[PDB]
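>>> opening piece of a complex, kept in its complex position:
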Amino acid sequence: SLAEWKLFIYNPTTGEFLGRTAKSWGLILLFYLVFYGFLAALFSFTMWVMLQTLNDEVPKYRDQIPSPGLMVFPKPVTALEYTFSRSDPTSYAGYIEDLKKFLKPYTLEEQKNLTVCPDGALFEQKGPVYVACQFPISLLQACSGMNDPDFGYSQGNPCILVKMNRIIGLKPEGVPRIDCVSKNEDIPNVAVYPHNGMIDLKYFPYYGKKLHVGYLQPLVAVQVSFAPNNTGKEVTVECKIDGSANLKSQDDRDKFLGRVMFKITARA
Amino acid sequence: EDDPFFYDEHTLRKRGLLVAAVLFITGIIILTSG
């Protein structure tokens, strides 16, 4: 029941604040300020020296990212599950907003300054100009904004974009493509629109964000059709790469290395 | 011919385990010296 800490702080004798006087506090704080300033200066110098040894165009190591992953767009709110209603425009508004923002560079208006490249041939560019092939949005028919502002939504046929992760200097072998099949036995119709997946080789290799300015990665658009009266919800569709032995898709630890699985739910 | 996306992880493991064994044996030798 004794307040010994009352005299510990603001001690009337000698003016000891927590056992140290005003001068002692000032000296110790000045020492710690100078010490931490010197430490920060040394840390910053060492960081600058390290960054001066790095390449601004290609990362030093690429052995931790040897094969591309497979990802869907847009990213749903939770757990990569697409949930919306046909009748309520505000249920799927975010998906359409994201798709319009993503597909703006792919419209012919923006990519009119790009170059046309022959199909089916790997496009290696040793030169310093590093031109970028153009990906016309017409390949994603019925899943582009040109034909209909609602990307299949408001009709019961949502459109979802599937893209392969960009890797610098990766040259796929064979004929890369992405196939998507419904996991359920009900097998609602899924339509990969550029024929098959058909990841054409002229978009590879990726040369980096710095060098290969204006790059547009190939896109695959999947459309999941539903009946008018029958919702056909809780449909699960899995996509994977099955054209290149260079691009692995059977990894057990990584469920997204070369493949992607997502669920679509439709209402009304 | 160098290839990106590949690193000799197995040789790295051999050399690291060899260095660890050499260090442990040196520590044992220094500890029990006489």
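Cool, the structure landed. Numbering: from 1, shown residues only, chains lettered A, B, ... in the order given.
>>> can you point me to the longest helix in chain A?
The single longest helix within chain A, with elements called by DSSP state H, is helix A:22-52.
>>> now the following helix or strand past that one: buried residues?
Using DSSP states H and E, the next helix or strand after helix A:22-52 towards the C-terminus is strand A:70-73. Neighbour counts over strand A:70-73 (16 or more other C-beta atoms under 10 Å in any protein chain shown) mark A:70, A:72 as buried. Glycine gets a C-beta too; all of them are placed from N, C-alpha and C.
>>> quick check: residue A:28 vs residue A:13, distance?
20 Å (C-beta to C-beta, to the nearest Å).
>>> those two - which one has more neighbours?
Neighbours of residue A:28 and residue A:13, each counted by other C-beta atoms under 10 Å in any protein chain shown, are more numerous for residue A:28; the result is 11 against 6.
>>> show me the contacts for that one.
residue A:20 (C-beta atoms under 8 Å, 6 or more residues apart in numbering or on different chains).
>>> mind checking how far it is from residue A:40?
From residue A:28 to residue A:40 the distance is 18 Å (C-beta to C-beta).
>>> in the stretch 101-250 of chain A, what residue is nearest chain B?
Across the stretch 101-250 of chain A, the shortest distance to chain B (C-beta to the nearest C-beta) belongs to residue A:169, at 5.9 Å.
>>> what's the local residue count around that residue?
Residue A:169: 15 neighbours (other C-beta under 10 Å).
>>> so it touches residue B:2, yeah?
No - assessed by C-beta atoms under 8 Å, residue A:169 is found out of contact with residue B:2, at 11.6 Å.
>>> let me see the residues that make contact with stretch A:169-180.
With contacts defined as C-beta under 8 Å, 6+ apart, stretch A:169-180 is touched by A:58, A:62, A:68, A:70, A:122, A:124, A:162, A:164, A:190, A:192, A:196-199, A:201, A:204-207, A:220, A:222, A:237-247, B:4-5.
>>> kindly recompute the last result at 6 Å.
Here stretch A:169-180 makes contact (C-beta atoms under 6 Å, 6 or more residues apart in numbering or on different chains) with A:122, A:162, A:190, A:192, A:196-199, A:204-205, A:220, A:222, A:237, A:239, A:241-247, B:4.
>>> and stretch A:230-247, by the same measure?
A:67, A:162, A:172-180, A:182-184, A:188, A:190, A:226, A:249, A:258-261, A:263-266.
>>> here's chain C, add it to the model above:
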Amino acid sequence: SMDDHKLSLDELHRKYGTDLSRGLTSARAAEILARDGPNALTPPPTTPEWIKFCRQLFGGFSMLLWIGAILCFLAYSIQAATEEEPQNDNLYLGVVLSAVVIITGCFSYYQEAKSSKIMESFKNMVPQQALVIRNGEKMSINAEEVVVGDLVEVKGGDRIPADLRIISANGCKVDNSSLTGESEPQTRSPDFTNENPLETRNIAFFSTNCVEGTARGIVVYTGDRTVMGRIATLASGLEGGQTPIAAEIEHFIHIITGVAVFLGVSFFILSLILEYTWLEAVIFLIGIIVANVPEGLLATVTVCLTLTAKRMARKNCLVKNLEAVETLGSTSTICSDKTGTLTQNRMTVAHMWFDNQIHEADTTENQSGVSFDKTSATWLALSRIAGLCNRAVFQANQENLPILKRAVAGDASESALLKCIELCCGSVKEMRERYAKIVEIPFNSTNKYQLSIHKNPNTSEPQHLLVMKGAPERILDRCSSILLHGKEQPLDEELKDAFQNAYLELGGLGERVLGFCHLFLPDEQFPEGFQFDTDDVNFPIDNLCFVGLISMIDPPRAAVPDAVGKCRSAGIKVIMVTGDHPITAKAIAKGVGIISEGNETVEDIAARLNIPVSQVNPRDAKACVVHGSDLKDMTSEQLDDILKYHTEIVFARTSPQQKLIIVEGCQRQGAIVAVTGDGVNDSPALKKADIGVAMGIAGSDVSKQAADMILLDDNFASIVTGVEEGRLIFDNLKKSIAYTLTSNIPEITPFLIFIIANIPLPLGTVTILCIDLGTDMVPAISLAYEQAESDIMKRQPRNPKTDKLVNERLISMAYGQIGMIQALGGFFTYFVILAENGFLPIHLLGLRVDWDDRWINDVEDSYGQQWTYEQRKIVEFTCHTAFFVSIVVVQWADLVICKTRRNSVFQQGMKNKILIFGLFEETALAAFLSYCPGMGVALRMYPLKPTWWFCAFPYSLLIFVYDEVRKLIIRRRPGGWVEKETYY
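Next up, chain C placed on what we already have:
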């Protein structure tokens, strides 16, 4: 108090209702036994061993780790109930934290006092059978059935069953060493002798043994009511309390627990404010708790204590309680017993006076000293008389022993003379064979001398000689000549004055003096065949030839004076507490160095100034001898004055409770008190003392059961060795604690930077556990094998109030300078790993939300590449492994700089082979954890590129150079600002 010796013979019988000779009726005795209870002591209840473990499992760090394990289990349950696909990482982390708590509890259980068996040792002194007069018949009964107020007969080696009011005795003598610590027999008579029942002659005490004679007594106390029963109850109920090392441990535990709780609560509220989910906040809290708690510190402290206890066990110094290895080093006052502790507990010839000169003999037990001159005819005569007038003889079947270490059946002075004669000249058995006894006269109370008649040495039949021994001041009254250098010289007044001066000189040394004289038969007037057996013969014994004086004392042990001097030089105040008489106590105190030359008591000052002791100021005396009677009625404040104003203090004639009072008074002045003793009367003091030390050979069972440390070889220099080891282990514990604490900052800072700057996590909880329970164990333990930087026996004892084991200067260094440099090195390594893989440091800011999202598998780096969750997670786990390796690399230089506190590594050197092995083992373990296949799934350790090992090299060198320069700045300008701030 509560004395029955005042009662007369008739009054005593009517008070207890016992007949004079018939004893007590059997039915009445049974009734008293039913009403009073058995004649036995009641041991106190004992705590079960599983209760002690449960208490140890609730420490300050143990509570934090229990909370961490509970949070791990809660996180696993939440994860399961949310996503239905749990990862068994938090479950395993909680199990591992629980195992760490259990193992730390086991370590703390080992590093704990193991109780005492004092009551068992006391019960071992209760006799199995007691002779009690009941219904007028001698009947042997169990001593537990003895009741209050019945006749008890004890004779010749029978232990006293209860407290007896002796009403008749036939030459009864008892050994009261259980009450006073002195083995000298005391005569028991029915008559009232002393007001104090402790010194009265008509009271026989339980736990003593009647060495000779018979006695009849009335039981006045039984069981716990007896004098020694109360002492046993007091000793068992006492505890030593909290050791200094335990207080220091709990202090730094409080400090670290407060820091951990503050950081944890502050950053948990911060995480909640930043809209973290419950799982993420719980994971962050678990990481902070694990990073803040030193998981291996307490076990390291226990291992260091065990190592220094096993170091002293090689010097015949058994440590019973592991915490006692530091108490001796922290000790500022030693309260030492005299008999058997400072002395050898054996009567020994010390000084002799022949040829008008004092001769000093070698009183050491090993006989390593120099002796007197044996080339004198009068010395030969003196040795003959001394060793031939004895009745005591050596016991059989002990010839394969040192002479001084053989039991002798006889008086203490007789045995001293016998052993002295054996050491000096020949054998007493052969000398008695040469001179055959024909008649003897034993010692008598009114006689004061012993004389014997035997054959002459000169082979002449008519000649004979009569050897005599007795009191010195009465022997010369029967002498008329003194033998000088083998020549018979008549008595001189100047020679009588010299004899008196020598008698005072030897008597003033606390030594008892005996005279010796022999008379040769003058002529044929007494023929050889004359029968001397005729009692009361008309042959007065007079005009004898005096030879010399021999003085006997209980001598100090060989190492005691030097050890006392060294302890006093180390700033330790040595107090003498003994149950012997003041004169012998003061003599031994002067001999062993308790009272140094030039210091005088108030009585000595008054005697020198020829004034009564009342008119002399007590402040002029720096030494004092306090008697038990004066101490009995002395208040607490008066006792405090004695312990404060006197540097040389001697307490004499103290009861076992008064030793406890003295120890409590010394402890009241804020002192760590060591008590060294060997008797059952020291047991309460040994229990109450901060550390109790007992002698091995000399100590009784109770004393070594009540002690914390036992000197197995009875070497008193082991006390000096123990204080030096205690100071050294205190310093080395500071070094080890600093080394263990400074690596907390590299584990704490990554979590704070994670929550503040939203960068991917630089360090995982598993890696933090791998640092503490792993690579930091052997290096921290290796600080225990560190030698003293300077002479630690020159510094004064540390102030427990002020000199703390862990203070703000240790925290300053460890948590503000070295830890921060280590954290910067680890963060530099982390940024190097992430930048070499595509994520530049500017890109990492704010990336934590997307990095940790399991469903975002296109996270983009600074070069435009897109990463899945697993790929960037492998990169992050490689960063964790590299951060671990960087902590090890900076801990290299941390170990090197923690090796010393003031000296440079260049002056001190690198002769600590345990520390070099610690560095090598730490590095080898780090490399094995990084590169062993299968560690990526077990602990999420991944192999590092060879260049990534050298990222923390600049910061390790910076640590080394910084602390070397700081130690240099400390050595110069000793009172400077740097030392006041950083010298812990």
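>>> since we added chain C, can you redo the neighbour count of residue A:169?
16.
>>> residues from chain C in reach of chain B?
Within chain C, the positions near chain B by C-beta under 6 Å from any C-beta of the partner chain are C:916-917, C:920-921, C:923-924, C:927-928, C:931, C:943.
>>> cool, and the stretch 1-150 of chain A?
A:62-63, A:66.
>>> check the stretch 101-250 of chain A for the residue nearest chain C and tell me.
Residue nearest to chain C within the stretch 101-250 of chain A: residue A:209 (3.1 Å; C-beta to the nearest C-beta).
>>> residue contacts, that residue?
Residue A:209 sits in contact with C:863-864, where contact means C-beta under 6 Å, 6+ apart.
>>> now it, what's its secondary structure?
Look at residue A:209: counting by DSSP: H, G, I helix; E, B strand; the rest coil, its state is coil.
>>> buried residues, the longest helix of chain A. List them.
For helix A:22-52, a neighbour-count test (16+ other C-beta under 10 Å) marks A:31, A:39, A:42-43, A:46-47, A:50 as buried.
>>> any chance of these in TSV with distance to chain C as columns?
Shown next, in TSV, are the buried residues of helix A:22-52 (distance: C-beta to the nearest C-beta, whole Å):
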residue	distance to chain C
A:31	7
A:39	6
A:42	7
A:43	5
A:46	6
A:47	7
A:50	6
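>>> helices of chain B, start to end?
Going by DSSP H, chain B shows helices at B:9-31.
>>> check the buried residues of helix A:22-52 against chain B and report the nearest one.
For the buried residues of helix A:22-52, the nearest to chain B is residue A:50 (20.1 Å; C-beta to the nearest C-beta).
>>> number of residues surrounding the closest residue to that closest one other than its chain neighbours?
Excluding the flanking residues, the one nearest residue A:50 by C-beta to C-beta, 6 or more residues apart in numbering or on different chains is residue C:832, at 5.6 Å. A count of nearby residues for residue C:832, using other C-beta under 10 Å, gives 27.
>>> which bits of chain C sit near chain A?
Going by C-beta under 6 Å from any C-beta, the residues of chain C near chain A are C:824, C:828, C:832, C:836-838, C:855, C:857-858, C:863-866, C:868, C:870-871, C:874-875.
>>> list only those of those residues flagged as buried.
Buried among those by 16+ other C-beta under 10 Å: C:824, C:828, C:832, C:836-838, C:857-858, C:863-866, C:868, C:870-871, C:874-875.
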